[PDB]
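Each chain, written out:
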Amino acid sequence: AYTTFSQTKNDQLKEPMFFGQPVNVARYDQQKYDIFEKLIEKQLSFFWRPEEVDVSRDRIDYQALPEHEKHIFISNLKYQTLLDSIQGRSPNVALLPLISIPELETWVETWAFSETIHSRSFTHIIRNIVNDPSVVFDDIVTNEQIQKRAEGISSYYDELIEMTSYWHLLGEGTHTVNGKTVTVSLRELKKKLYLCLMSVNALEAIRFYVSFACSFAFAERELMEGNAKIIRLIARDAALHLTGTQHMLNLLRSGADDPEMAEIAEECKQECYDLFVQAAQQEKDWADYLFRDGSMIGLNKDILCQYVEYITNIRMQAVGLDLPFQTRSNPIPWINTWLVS
Amino acid sequence: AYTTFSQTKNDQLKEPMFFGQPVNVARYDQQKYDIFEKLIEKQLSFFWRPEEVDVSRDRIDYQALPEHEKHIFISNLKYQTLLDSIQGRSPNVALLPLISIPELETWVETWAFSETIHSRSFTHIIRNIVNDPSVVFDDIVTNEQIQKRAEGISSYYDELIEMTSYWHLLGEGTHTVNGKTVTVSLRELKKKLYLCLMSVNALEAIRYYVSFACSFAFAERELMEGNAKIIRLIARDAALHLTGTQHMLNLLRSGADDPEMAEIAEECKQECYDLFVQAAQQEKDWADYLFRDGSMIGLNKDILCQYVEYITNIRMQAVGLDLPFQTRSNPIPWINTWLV
Ligand SMILES: [Fe+2]
Ligand SMILES: [Fe+2]
Ligand SMILES: [Fe+2]
Ligand SMILES: [Fe+3]
Ligand SMILES: [Hg+2]
Ligand SMILES: [Hg+2]
Ligand SMILES: [Hg+2]
Ligand SMILES: [Hg+2]
Ligand SMILES: [Hg+2]
Ligand SMILES: [Hg+2]
Ligand SMILES: [Hg+2]
Ligand SMILES: [Hg+2]
Ligand SMILES: [Hg+2]
Ligand SMILES: [Hg+2]
Ligand SMILES: [Hg+2]
Ligand SMILES: [Hg+2]
Ligand SMILES: [Hg+2]
Ligand SMILES: [Hg+2]
Ligand SMILES: [Hg+2]
Ligand SMILES: [Hg+2]
Ligand SMILES: [O-]
Ligand SMILES: [O-]
Ligand SMILES: [O-]
């Protein structure tokens, strides 16, 4: 029931963001929600090339760091690398099959494309600071701490993908497969979509932002500056991605786009809240590990933890969730010099 | 059984291109096949923004055209729009979920991304030459002739997607779904993938080049040079897209990748052959519609038909197939200028 070109003539301005008729014609002269076209344009105006950034002095900087500083750095790098591996493919594989408006379709492909460039930038850094990048790359997959910090990201995507396949193959219903009853419900699939979006919004809004705080800590010190320039270009793209997820979520709950989606959202608020908090907690628990055999100079477990709280509150308010934490002003205003967005 | 982040630590240098373990880590320090890394680098090096191309004059030029030349121009643009509309999403939705090596995975995401830029370029041309793009765009879906020429593109893709879903959900075997037997054979899915690919190769290498010809015809009479700059940029990218499909196809047949794939390529050859013949006849048939209200000095069903046979033979030979048409010199050598 999924089609690469639906032959029905339809008003693309009247479809919902998700679950309506798959997009046929790709046109950009008009949009239901212009935010998406605006986001495609800015992201294209931001196009950059990693290799164009000189990281030649980062190797010695890294060599000269203290062992626990190498640890904090490399470790944070491995996490950023993991998130972008996932983000390079997921939005395409997970969302494309469910989008019903063209501007949203292309924004998703552009967004995913910008993420592959981030991944290439990490190969650029890694290749220039270590002797055998393979060590770093292998560690990303099995590293217990990161599977830990990043736990449940791949799973929200995976289940949504699975459910979408059943929905496209069998459609709404109670069916049977190899002696098992399999129930397919649109509403539960819309809930799966909603929660997956929420989780990608936290990935973009928080998980990535926390990593920036670590990278920029080195930059503040004039250390690993090739990495810093690259991370600055990345945070600028991240700002657009988060705008995109905020808008999709806000349009969904507001009921304007899909009445049923607004109901689903509302009824799942506490579920939504807990994930957000759960996510903040993961980032804190990791700030823990990273700082235990030693603590960086200008950042530490407590400062990072305060930062996790501060941004989390900002992000949750943005999509109408309650503030889980104590209100406080930014603990590391020096970060602003690097977050040009 | 499809996963966005496979937790097994695998030597990505040893996976087949497709059907292996899904890619986890996206690294570009090494490649099983460096041709894909090279296409990624070249494509990124060619990054361009349509709206920056000056199409200002094209509106006068267009208004000045005889209605039949207008018909010919627009009907062409419309098919072009259609092919990039499908190519923008297709490679991601059909291929991504089956790729098992990082370079090819990112190559496909980069290729698709470049097609959405092609589509942006048509919206830029259309809005700068007509009063309501909506007529043109609404005319694409329902245009039977358009639809007739494109027949079978969306279908190969959609069927491959459905089988892939069954594969991911049930795994190989014969299963019982809603009281019916469904068979999921990997060999079979691999055949569907292989033919999809062959079909995409023909889409990139033959269907698009015929459209360029028609596009460039105007440019030779010094008309619609805004559209020509864009078509030239597009042509530049399509050449990378076709080099990517040819390699994928040739690598699979060489038996250097998945061996089973090399026997499928051999067993399917007549099918590969027949699909090119059909696409070719489809392109010839279009001519009857393009030239509805008349031809133009230098471009007619006749020249179109010969160009079709000409390029088809070159593309089939590139993937090791027999040439169905008579050999002949390029019937429109002035095209090479714009092609490079
Ligand atoms: Fe990223
Ligand atoms: Fe991002
Ligand atoms: Fe294209
Ligand atoms: Fe192409
Ligand atoms: Hg998601
Ligand atoms: Hg998700
Ligand atoms: Hg950090
Ligand atoms: Hg740090
Ligand atoms: Hg941090
Ligand atoms: Hg929720
Ligand atoms: Hg919510
Ligand atoms: Hg949430
Ligand atoms: Hg905290
Ligand atoms: Hg294909
Ligand atoms: Hg195909
Ligand atoms: Hg043509
Ligand atoms: Hg032509
Ligand atoms: Hg073949
Ligand atoms: Hg074949
Ligand atoms: Hg002919
Ligand atoms: O990002
Ligand atoms: O194209
Ligand atoms: O193309």
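Residues numbered from 1 in each chain as written, not as in the entry; some residues may be left out. Chains lettered and ligands numbered in written order. Heavy atoms only, no water.

Structure determination for this PDB entry was carried out by X-ray crystallography, with a resolution of 2.05 Å recorded in the header.

Per the PDB entry, chain B carries the name PROTEIN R2 OF RIBONUCLEOTIDE REDUCTASE and comes from Escherichia coli. The record held by UniProt for chain B lists under Function the comment "Provides the precursors necessary for DNA synthesis. Catalyzes the biosynthesis of deoxyribonucleotides from the corresponding ribonucleotides. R2 contains the tyrosyl radical required for catalysis." In UniProt, chain B has this text filed under Catalytic activity: "a 2'-deoxyribonucleoside 5'-diphosphate + [thioredoxin]-disulfide + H2O = a ribonucleoside 5'-diphosphate + [thioredoxin]-dithiol". (UniProt positions renumbered as here; feature names shortened; annotations may be inferred.)

The name that the PDB entry assigns to chain A is PROTEIN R2 OF RIBONUCLEOTIDE REDUCTASE, with the source organism given as Escherichia coli. On record in UniProt, under Function, the comment for chain A is "Provides the precursors necessary for DNA synthesis. Catalyzes the biosynthesis of deoxyribonucleotides from the corresponding ribonucleotides. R2 contains the tyrosyl radical required for catalysis."

J.: I'd like a description of the coordination of the iron ion (ligand 4), backed by residues and values.
T.: All names here are of chain B. Binding of the iron ion (ligand 4) to the protein goes through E115 (OE), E204 (OE), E204 (OE) and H241 (ND1), at separations of 2.0 to 2.6 Å. Each donor residue of the iron ion (ligand 4) belongs to the same chain, and together they define the spacing E-x88-E-x36-H. In this structure, the iron ion (ligand 4) is positioned 3.4 Å from the iron ion (ligand 3), and both are ligated by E115. Of this pair, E204 sits in helix α8 (residues 186-220) while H241 sits in helix α9 (residues 225-253), and the two are 37 residues apart along the sequence. Of the two residues, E204 and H241, both sit in the buried class. (Donors = N, O, S within 2.8 Å, 3.2 Å for Na, K, Ca; no water. Helix = DSSP H or I, 4+ residues; strand = E, 2+ residues; numbered from the N terminus. Buried < 20%, exposed > 50% of the residue type's maximum accessible area, 1.4 Å probe, protein only.)

J.: Please set out the pattern of salt bridges residue by residue, giving values where relevant.
T.: Residue and element names in this part refer to chain A. Evaluated as defined, the whole model comprises 42 salt bridges over all chains. Its salt-bridge partner being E41, residue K38 comes within 3.9 Å of it at the nearest N-O pair. Of this pair, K38 and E41 both sit in helix α1 (residues 34-45), three residues apart, which is roughly one turn of that helix. For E41, a relative accessible area of 25% corresponds to the partly exposed category. With a closest N to O distance of 2.8 Å, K191 and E271 form a salt bridge. Highlighted residues: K191 in helix α8 (residues 186-220) and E271 in helix α11 (residues 269-290), separated in sequence by 80 residues. Of the residues examined, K191 reaches a relative accessible area of 24% and is grouped as partly exposed. What makes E271 partly exposed here is its relative accessible area of 37%. (Salt bridge = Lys/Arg side-chain N within 4 Å of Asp/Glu carboxyl O.)

J.: Give a detailed account of the interface of chain A and chain B, specifying residues and quantitative values.
T.: Where interface size is given, it is often the accessible area lost as the parts come together that is meant. Facing the 64 residues of chain A at the interface are 67 residues of chain B. Contact between chain A and chain B buries roughly 6,000 Å² in total, counting both sides, with carbon and sulfur atoms accounting for 58%. In terms of surface lost to chain B, no three residues of chain A exceed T4, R89 and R120 of chain A, which account for 13% of the buried area on that side. In this structure, the connection of chain A to chain B is made through four salt bridges. For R89 of chain B, the salt bridge is made with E105 of chain A, and the minimal N-O distance between the two is 2.8 Å. Only α1, α3 (67-95), α4 (102-129), α5 (133-142), α7 (153-170) and β1 (173-177) of chain A provide two or more residues apiece to the side of chain A that touches chain B. (Contact = heavy atoms within 4.5 Å. Buried area = accessible area lost by both parts, 1.4 Å probe.)

J.: If you had to explain the pairing of strand β2 (residues 180-184) of chain B to someone new, which residues and values would you point to?
T.: Residues and elements named next belong to chain B. Relative to β2, strand β1 (residues 173-177) is paired through five bridges, and the arrangement is antiparallel. For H175, the partnering residue across the bridge sits in β2 and is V182. From the end of β1 to the start of β2, which pair antiparallel, there are two residues, and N178 there has a positive phi angle of about 50°. (Pairing = 2+ DSSP bridges.)

J.: Got a sec to walk through the coordination of the iron ion (ligand 1)? Specific residues and values, please.
T.: All names here are of chain A. On the protein side, the iron ion (ligand 1) has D84 (OD), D84 (OD), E115 (OE) and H118 (ND1) as donor atoms, found 2.0 to 2.3 Å from it. Positions of the donor residues of the iron ion (ligand 1), expressed as sequence spacing, correspond to D-x30-E-x2-H. Separating the iron ion (ligand 1) from the iron ion (ligand 2) is a gap of 3.7 Å, which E115 spans by donating to each of them. Of this pair, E115 and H118 both sit in helix α4, three residues apart, which is roughly one turn of the helix. The exposure class assigned to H118 is buried, which follows from its relative accessible area of 1%.

J.: Let's hear about the side chain of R27 of chain A: which residues, and what values?
T.: Along the chain, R27 of chain A falls in the segment before α1. You can call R27 of chain A buried: its relative accessible area is 6%. Among the polar contacts listed, one links the side chain of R27 of chain A to the side chain of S134 of chain B, at a separation of 3.3 Å. (Polar contact = N/O pair within 3.5 Å; in protein donor to acceptor, adjacent residues only side chain to side chain.)

J.: Explain the environment of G226 of chain A to me, using residue names and the numbers behind them.
T.: All names here are of chain A. Looking at the secondary structure, you find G226 in helix α9 (residues 225-253). Remark: the alpha-carbon pair of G226 and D54, spanning 172 residues in sequence, is separated by 5.7 Å. Once residues lying within four places of it in the same chain are set aside, the contact partners of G226 are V53, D54, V55 and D58.

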